[PDB]
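Below is one structure, written out as structure tokens; the observations come after it.
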Amino acid sequence: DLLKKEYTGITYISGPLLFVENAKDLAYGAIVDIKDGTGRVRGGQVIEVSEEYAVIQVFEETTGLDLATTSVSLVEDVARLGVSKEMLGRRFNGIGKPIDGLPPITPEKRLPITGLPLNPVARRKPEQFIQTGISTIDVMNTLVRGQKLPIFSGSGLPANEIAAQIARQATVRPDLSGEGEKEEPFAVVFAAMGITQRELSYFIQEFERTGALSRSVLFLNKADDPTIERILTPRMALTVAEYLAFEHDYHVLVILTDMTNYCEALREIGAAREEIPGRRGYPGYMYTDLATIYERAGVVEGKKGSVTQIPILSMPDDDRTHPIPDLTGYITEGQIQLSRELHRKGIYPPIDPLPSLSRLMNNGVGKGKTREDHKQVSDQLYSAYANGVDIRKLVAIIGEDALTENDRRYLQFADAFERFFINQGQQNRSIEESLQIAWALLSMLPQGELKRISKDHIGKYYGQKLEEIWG
Amino acid sequence: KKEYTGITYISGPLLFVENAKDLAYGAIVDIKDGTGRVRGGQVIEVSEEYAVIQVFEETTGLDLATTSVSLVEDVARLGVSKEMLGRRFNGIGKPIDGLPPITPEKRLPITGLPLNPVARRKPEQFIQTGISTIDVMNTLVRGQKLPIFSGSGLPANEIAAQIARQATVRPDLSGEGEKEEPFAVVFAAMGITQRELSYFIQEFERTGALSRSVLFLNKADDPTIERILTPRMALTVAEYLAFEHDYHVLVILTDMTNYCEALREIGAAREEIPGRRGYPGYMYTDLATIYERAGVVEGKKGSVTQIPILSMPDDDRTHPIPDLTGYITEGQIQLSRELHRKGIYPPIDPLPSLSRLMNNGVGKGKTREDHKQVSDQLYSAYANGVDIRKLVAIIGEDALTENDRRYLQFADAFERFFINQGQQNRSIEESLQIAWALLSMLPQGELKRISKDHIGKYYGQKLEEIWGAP
Amino acid sequence: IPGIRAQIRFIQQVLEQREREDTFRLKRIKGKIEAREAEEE
Amino acid sequence: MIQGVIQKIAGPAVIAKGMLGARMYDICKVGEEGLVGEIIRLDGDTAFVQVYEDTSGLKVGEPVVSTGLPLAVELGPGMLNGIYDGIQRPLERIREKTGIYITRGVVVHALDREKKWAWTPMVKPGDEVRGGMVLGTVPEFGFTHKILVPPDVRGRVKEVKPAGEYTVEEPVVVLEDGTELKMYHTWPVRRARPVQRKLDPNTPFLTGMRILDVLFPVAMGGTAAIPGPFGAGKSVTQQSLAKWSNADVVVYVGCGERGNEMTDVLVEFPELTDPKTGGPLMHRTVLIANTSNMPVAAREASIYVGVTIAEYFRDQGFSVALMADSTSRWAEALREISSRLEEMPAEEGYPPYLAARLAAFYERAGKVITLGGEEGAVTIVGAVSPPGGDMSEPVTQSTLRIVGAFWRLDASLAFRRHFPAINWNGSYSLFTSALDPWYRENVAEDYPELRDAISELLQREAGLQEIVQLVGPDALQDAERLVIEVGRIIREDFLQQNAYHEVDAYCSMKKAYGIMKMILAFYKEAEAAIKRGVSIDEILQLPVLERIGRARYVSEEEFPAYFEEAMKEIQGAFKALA
Amino acid sequence: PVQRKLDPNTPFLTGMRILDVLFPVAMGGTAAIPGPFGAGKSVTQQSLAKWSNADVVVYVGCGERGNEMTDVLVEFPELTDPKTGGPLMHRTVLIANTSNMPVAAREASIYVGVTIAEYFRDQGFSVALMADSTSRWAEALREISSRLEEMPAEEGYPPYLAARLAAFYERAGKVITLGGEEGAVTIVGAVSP
Amino acid sequence: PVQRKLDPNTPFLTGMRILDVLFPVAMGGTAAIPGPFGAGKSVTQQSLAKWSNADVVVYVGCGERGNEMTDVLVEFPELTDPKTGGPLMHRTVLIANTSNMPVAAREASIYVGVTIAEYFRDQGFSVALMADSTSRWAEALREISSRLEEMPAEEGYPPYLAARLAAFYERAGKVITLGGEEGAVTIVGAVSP
Ligand SMILES: Nc1ncnc2c1ncn2[C@@H]1O[C@H](COP(=O)(O)OP(=O)(O)OP(=O)(O)O)[C@@H](O)[C@H]1O
């Protein structure tokens, strides 16, 4: 435990891998230190071991290594990260080292970065409504505390802005929930993999403006940093998040900037090891890896904290059938999918409601949680918007002049919906204002066309005009 | 006799056995485990270093220390007899009906030989399936390879059973004719479920068709190699009967999509890089060795006729299975989901169906002189009726001419009384009568494709002859 | 109709290319494993 | 016992040397902590072991021991109301021993060995016993659980315990040959439990959903597959079947899916009521949860454990429903395994034997005469998760060739929040013709004809939708617009169902018959009106359509009166039009 | 071998006005015809054989169906030579293959036919070679290449399909034989996509 | 290395109305200009070099036409620096690895150009870096990985292609130099899909 065991006998350095011969006493998954001839130390992890040799994945670049002056030493058998309450207000890199000038943190515990699966019996039901301030999320794709709700983005779409806005505006509404008023904010664990300087400066300035750096832990893996380092960043971030939530009663919001980059690192390692790959060259176990990451959210019986995840990924050619978005959606509890068509029209946030989803929305809406009309109003909005898009496809065939009055009304509804309900800029809307706007838009259709809403709610809320809100 | 115990590798479906240079390529072997259970397998590679055995079923209890391999036979053979009629087998030829095993007249290699092209002769006589849409519009000729293209949820099994129950030859219709000619049906079912197995057993037993049939039934949970062997054994029996006992043999191969999936699986199990769309690069040759085992030979009274049945994977005729099958076969009978969901049975759609050899097995001296023109006219009239049916939805019935309206009525009558025969057994004369009754709805002289003699002779029948039995 | 034909051609090309790439990968991996078996069994 | 040492560790795969004599697919204890593994390859003196747990921290040279037996399930009293892992570890006991996390190397008995059971013998000394006979009985949550002779056991009874309270370890019956039969036995999980004969299904499996029970029925011993992309509502459908089906016992297998879906069942079912018994719903339920971040090799185990438990409850003479949350995850686990083994893939990387394994699993379903002469049944509903929503994937296509019913889900409908979101055109059932006698005897004499009329209407609407997409809906003639409108009425008032409603979450067959009859009568009267020259606009404004549209929400007790009023009102409304 | 390959300056008269006028083929030329079903390709090929100015005819069936091959083998014997009135088979060499005959034979069929054609050319005759279903020959080639474990190109065909077809078709031509006489081989292929 | 990375706040004026107005680039930003052959990549980049408001231009001809390098060499010495007033060539560094020059040197050319640009930034200059085609750099990496016997990702390229591209593009930025002055490197990247 206190004795240093070195392994000369490196027989191969190529790409991110390194073979060492007589290392039969290196555990599977152990962390190692690779010392070069000039005394520089670089890290790696044992990913295969046999009597013949051990395969090490190097976390840095391999420049300057030689098969004569390099040695591998054992750091620890199981990859662990020292955690403490004092991680708040600190900035670390992809392997959890300080990058802000302060000294290293004194651990209260060292936890395995891989973690362990939460027992399903131990889990709670995620039920607390979070008010993001974005109407397309609050009304139609509600976010509940304990949920894993990613953002499916494009190349030039504003996903970082949406994530920053959600962090800035997200709050629970104890007044509606019937719970005693309490002012516990969100702690934000922010993990960036392959993030450019432009996006990072945006996020950092936004947090500094909001004053959220004091209650944030940042694991930053930039785009000029080693790619294989990205394998550990999400796991370190989620180790810290789980620790804070389920040992210190924090309500943690975890932002994972770009999961496409993580998948790129995974594919790199898979190809180096000559594994038989799956789709588009990605490893066949990518579902399991992504589940090891995403399933570290939720809420636990008998504990007050929570972990909420909002991964952000870029669908490569705006392609939802690409393996990364596809597997993610199969793992996560919904998705908020942006649209380039709305973005080009100038609509912000450019959230397209039809392809978005929130699995747990029914858990945290309705009488005693948000308002008794919420679910039916969301259903009615979906139906009306779908009819509008269909009539848009129809005008290209028949021509506008041939439309019926109801078809024209649905066209007008679709336009107004996009321009007033989805387009809200950087404004923070309460669920009450969002439902008011939704009802104003629904009042543009005849009261008998609202078949998903009960007549009690139609009596109570139908009628108000949009001009009363604006203009 | 000799037992090989030098087993040095077991992985998935394969086991390697050393010091086994005495095993022929493609020999069938028995695998005995420590518990005493006996499995089966086939030699798929032999070298001076070891032989590779593909194991039927599962390699669960096998160990390298107690397993022993023995030779059953060098070449897969099937003992055949005329006593195989009325009997049910399991895909490798083992009885599954509980009656005693058959004593064979001879044992034959299941992968028979290719027929000499110069010993073949033209198909010239027809098989009456009892189904009007086939007998009249897509005739089946003795020696033909006529597949049924089905879909996911369509009643292909019922149609197969109906043809098996009704199929017959018509010696009386062939000029002077003959008193009787033997007829047999060989039914190969591959990858079927328990429900389908029970349905087939009951169908063959209730109507008595079992007495003139041989059934090779392979379940979906049986070994894949048995699926591969089932059609070969069926056709070996068919060739035996036809070309050594002058039988007229009809072969129904119930799911060739299942056969091709099994072929893909076995190819992957022998470490062969898949060809187009995952299927083996030799799929064409294998499907040919199966399909091409039908025909009519010069100097022999018998014949072999095949009806493969395929479920087009996603209604795609461009899928490799149906593409290759069309390349090898001589037409296709296409089922339709529109007709099925409208209640019509058998849901055979005449428009996309064709029998390439129909013209050589219909006409004077075989069926009736009016057959070809009646078929052509029915096709044209039905196509016009369907087009007018789409046109009415837009321009209404008033904007149609009287002839367009008559075609509109004829199309519905055709669907209701010609296609929709239920579980009836219609002789060719009854089907031709129904066809003439339907054509009588159109005005004489609008039947361009029929000579005036036939019109004079048969035109004028009344729909009441079939109105009471849709 | 020409637009649909162009889309069909494009999708066919993409799918065939993906199949070709996967096949090349399998051949490469199996060849390398065979070489490894030859070198060290 | 066969013993050896680790030679190589690559992820969940361990190569152990010195294992000569080890058998294929036998369980092995790996490492110093005895991690449960399985032998999947034998190569000279080496064996390829799949660890059912995480292998991080293991070292070369650690011992590997073989149990000499394949994966087996403990079958007997103590499973209902229980939640298990993939290899039948109770999760409540893991929760007590471990904290809120699952740790490796926990050994816990499947059945509780300290709970006592009220044994009532049903054999007496000198009685012959054969596999599957009933020796006695035990109460469990309103079921008369019956102890069965293990299938491969024979002999004559020497002594029988008197009626009393004993643990499941008690040798309740002793045979002259010396065999001591306890309340439970062990069965290899990959062997189908034998039955006397399999019977042709003739009774429906009522899920409470109109579209499935009417248009796409599944029989009691049948198999259904429900494929779809994420968001289309597979989990909601499976849970509705768990809540509302007419099966005596429900087995729920969470193969490699979200853990919140298991939490939902655990939290909610205890508060719900069994449709027939009346007691708590969780008392008729067995959960097998192997979530997505739990060991990959345990997914195959979860599927086969579930099917074995279901076959046991069938051997007891029950009707059992088995729900597989995703067979796609089972297939992906197989693919991961094969890639680790460096096998030759087929199609999208799957092992060649995937189709055979699916077929073997789905052929364990059915209605049977048990070895005891009773009648039990297993109905399997498996969900498929094609990548990209592509139904041309190998898994979906291989399922499509062995199942009886195919409930295709549509992304377009799920995007509009139209649930159940079944693609009518792409769905089918092979059980309709076999269930007609039952429908005539138990729903209504003309139910089959009404169902067929609905189907013909839907096919006509599908046919005219092409013209509608070509020329728009207003260009159609009156009769065709009526067909389009009645198809829409069917879609919104009959096929649409609200799982979260208090009444509409469940529908009886008679309520479905009533709604169908309403819609057909309306269609006939509208056709007659149009032939007499009534505008469509005036037809679609008739208020009786609102009654037809609200029929879904009428409680089961009030529905008959509502239906009679509506049948009178339709005739009145189309008579008043004159 | 030949001594010289001459130019395409003389016509190959099929006897059919449409081909002989609108779309002529020269002596030593090459033509391709697609075979749809029901288009009467068989009668057209038979008339080319009957009435062409070719002295000898080589008909290669490379991978046909069994019944199409039987049709060919039962019809040609009964055809009559317009020049002599004797059986047309007396100036015809026929190569017959079926789909279920060895793939090597189906692959070598066109080569055997062309070699025979060139022999009769070197004797100083005009020979018409008709290869029915070169698509089936390409299928045989694709299968052979798969069995040799070669990297496929395009729809699974080997990357040398075009070159093999070119080498085959370029054996056609009008030549001066090594013996100093004029002889020709004219190839008419068929394609069935 | 640099002291600090700044936020781009001034425009990279190009001389093209469309790029300057609708789709601008900041003085230390990155742009990609992909296009099919014949669309105007080379003309656009040469115009960037002739008219841009950068102090220094490093123009990297990675695996492209040699006539383009000759065109630059011949023409620029006669044009005038828009701001300095001297000859345009005097503000330009040319790195040329044409298409028929060795393949592996394409990667070296990219890295050499970006390092020189960083150097001139470190002197306090605003530097424009034009990469004539990063597609040819990707092709070189694919070739070398073929020789290494590595396993490819999509379309044969090595899986670390995105990492290399990212590392190359992240060297752009407005910065505070270690000497305390303000520098900037702007990268425009041509891709030839
Ligand atoms: N020149 C012709 N003069 C008169 N009738 C002809 C002529 N050419 C063809 N036909 C007739 O047209 C028919 C064409 O269709 P058919 O299906 O019979 O042709 P096929 O030769 O069997 O088919 P394929 O195109 O596959 O060779 C020929 O069978 C023959 O009946």
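Within every chain, numbering begins at 1; the chains are lettered A, B, ... in the order of the sequence lines, protein sequences first and strands thereafter. Indexing begins at 1, ligand by ligand and atom by atom, following the structure's order.
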Not counting sequence neighbours, which residues clear ring-ring contact (aromatic ring centres under 6.0 Å, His included) with E:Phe120? List them please.
none

Determine which pairs satisfy ring-ring contact (aromatic ring centres under 6.0 Å, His included) with at least one residue from residues 56-113 of chain E, sequence neighbours left out, and list them in order.
E:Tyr59-E:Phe76

Does one side chain, of E:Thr14 or E:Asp20, offer a donor that lies under 3.5 Å from an acceptor on the other?
yes

Indicate yes or no: does B:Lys145 engage B:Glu292 in a salt bridge with an N to O separation below 4.0 Å.
yes

Under 4.0 Å between a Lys/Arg side-chain N and an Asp/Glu carboxylate O for E:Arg142 and E:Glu139?
yes

Return a table of donor-acceptor pairs under 3.5 angstrom between the side chains of residues 60-68 of chain E and protein atoms on other chains or two or more places apart.
{"residue": "E:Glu64", "atom": "OE1", "partner": "E:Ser133", "partner atom": "OG", "Å": "3.0"}
{"residue": "E:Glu64", "atom": "OE2", "partner": "E:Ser133", "partner atom": "OG", "Å": "2.9"}
{"residue": "E:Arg65", "atom": "NE", "partner": "B:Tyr327", "partner atom": "O", "Å": "3.2"}
{"residue": "E:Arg65", "atom": "NE", "partner": "B:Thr329", "partner atom": "O", "Å": "2.8"}
{"residue": "E:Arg65", "atom": "NH1", "partner": "E:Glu68", "partner atom": "OE2", "Å": "2.9"}
{"residue": "E:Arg65", "atom": "NH2", "partner": "B:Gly326", "partner atom": "O", "Å": "3.0"}
{"residue": "E:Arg65", "atom": "NH2", "partner": "B:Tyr327", "partner atom": "O", "Å": "3.0"}
{"residue": "E:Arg65", "atom": "NH2", "partner": "B:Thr329", "partner atom": "O", "Å": "3.4"}
{"residue": "E:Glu68", "atom": "OE2", "partner": "B:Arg356", "partner atom": "NH1", "Å": "3.4"}

Just the distances, no angles: every ligand 1 N or O to protein N or O pair closer than 3.5 Å, one line each.
{"residue": "ligand 1", "atom": "15 (O)", "partner": "E:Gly38", "partner atom": "O", "Å": "3.4"}
{"residue": "ligand 1", "atom": "25 (O)", "partner": "E:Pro36", "partner atom": "O", "Å": "3.0"}
{"residue": "ligand 1", "atom": "25 (O)", "partner": "E:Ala39", "partner atom": "N", "Å": "3.3"}
{"residue": "ligand 1", "atom": "25 (O)", "partner": "E:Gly40", "partner atom": "N", "Å": "3.2"}
{"residue": "ligand 1", "atom": "25 (O)", "partner": "E:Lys41", "partner atom": "N", "Å": "3.0"}
{"residue": "ligand 1", "atom": "27 (O)", "partner": "E:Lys41", "partner atom": "N", "Å": "3.4"}
{"residue": "ligand 1", "atom": "27 (O)", "partner": "E:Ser42", "partner atom": "N", "Å": "3.0"}

